[PDB]
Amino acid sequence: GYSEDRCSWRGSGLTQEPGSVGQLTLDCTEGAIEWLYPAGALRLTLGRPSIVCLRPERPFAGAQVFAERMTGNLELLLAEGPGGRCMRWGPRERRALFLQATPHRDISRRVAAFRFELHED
């Protein structure tokens, strides 16, 4: 679950009703996500223009991380296979990441873990 200070989260793919996107809210400027055996999808809301940077912990596998734009469009920040991806949200954009488990042929141990940092550019 959430860490002691609620700036980080660490859970397993068996999060909730299959098909529903689980909901995470983190109101800090710096934190970490550890998604063990990713399954399904998660939406992480991160509570002037803002810049977000993600730093994966290698090996990173089992999921992709997208940034939700006001357009409803998505921007891939972190993906599986072959250090840092940044992106900028507008002043009025909801700061939301979408974590989507990748379809693995095997059900084995994969961990999608990353750190995030928010900057007021």
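Residue positions are given as counts along the sequence shown, with the first one as 1.
Deposited sequence between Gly47 and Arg48: 4 to 9 residues lack coordinates. The segment from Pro91 to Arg92 is modelled without interruption, since every residue of the deposited sequence in that interval carries coordinates. Taking the PDB entry as given, 16-24 carries the higher mean Cα B factor of the two stretches 95-103 and 16-24. Legend: mean Cα B-factor per stretch from the PDB entry, 28-36 versus 68-76; the higher mean is in 68-76. Among all modelled residues in its chain, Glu117 ranks in the lowest third by Cα B-factor.
The deposited CA B-factor of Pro82 belongs to the highest third of values across its chain. Compared with the other modelled residues of the chain, the Cα B-factor recorded for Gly62 ranks in the middle third.
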